[PDB]
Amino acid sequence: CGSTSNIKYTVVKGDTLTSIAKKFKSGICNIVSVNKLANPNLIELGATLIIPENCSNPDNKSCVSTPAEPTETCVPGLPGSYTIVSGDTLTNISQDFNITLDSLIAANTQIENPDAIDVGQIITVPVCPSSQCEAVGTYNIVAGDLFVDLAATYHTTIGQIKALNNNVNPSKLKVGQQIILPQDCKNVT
């Protein structure tokens, strides 16, 4: 990393390796390597990490697949709606659904100002015509499970998992917890 110092750092609410790497001018993959993290997406609240700070040569690419900006304008299969929770923004919710912000705003012409939404407000999610998810049902959380990773494994999205578990905080999942998991969401015909 060619860091100028190492700090031991305590992981707090809202942290990701991306946010940590940016705060300390480090690299995602250097933090992974130095701490022997099995999964760059998983860091536990209250854990200590060694962070190489102010790196001349940060690596943010080798260990992670950085997904591009969403380009789709609809979500396959479900849901028709999503309920706003504390901290949500239309930007982040569109990202979670892998759709453009523009498409989500367009689906919600009842919203007067897209930056003024309220906890408990229901928004429409634009669903692709002729689309479905194949088998939506119970799943028990195992150690290290994350919505981001389940979405990839099961061919869905973070947003779709959130909508089906809309009062579940993704950062507070417990081993054995039952969630509802959609699978294999796609256009058909």
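One rule holds for the numbers: they count along the sequence shown, beginning at 1.
Participant: Comparing 109-117 with 95-103, where is the mean C-alpha B-factor higher?
Facilitator: Higher mean C-alpha B-factor in the PDB entry: 109-117.
Participant: Return whichever of 170-178 and 20-28 has the greater mean Cα B factor according to the PDB record.
Facilitator: Comparing averages over the C-alpha atoms only gives 20-28.
Participant: If I read the C-alpha B-factors straight from the PDB entry, which of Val125, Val64, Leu164, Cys133 is highest?
Facilitator: By C-alpha B-factor in the record, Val64 ranks first.
Participant: Among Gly159, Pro129, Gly137, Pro58, where is the Cα temperature factor highest, going by the PDB entry?
Facilitator: When the deposited C-alpha B-factors of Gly159, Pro129, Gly137, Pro58 are compared, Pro58 is largest.
Participant: Could you tell me which third, lowest, middle or highest, the C-alpha B-factor of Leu42 occupies within its chain?
Facilitator: Middle third.
Participant: Please rank the C-alpha B-factors of the chain's modelled residues and tell me whether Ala152 sits in the lowest, middle or highest third.
Facilitator: Middle third.
Participant: Among all modelled residues of this chain, ranked by Cα B factor, put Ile141 in the bottom, middle or top third, i.e. lowest, middle or highest.
Facilitator: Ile141: CA B-factor falls in the middle third of its chain.
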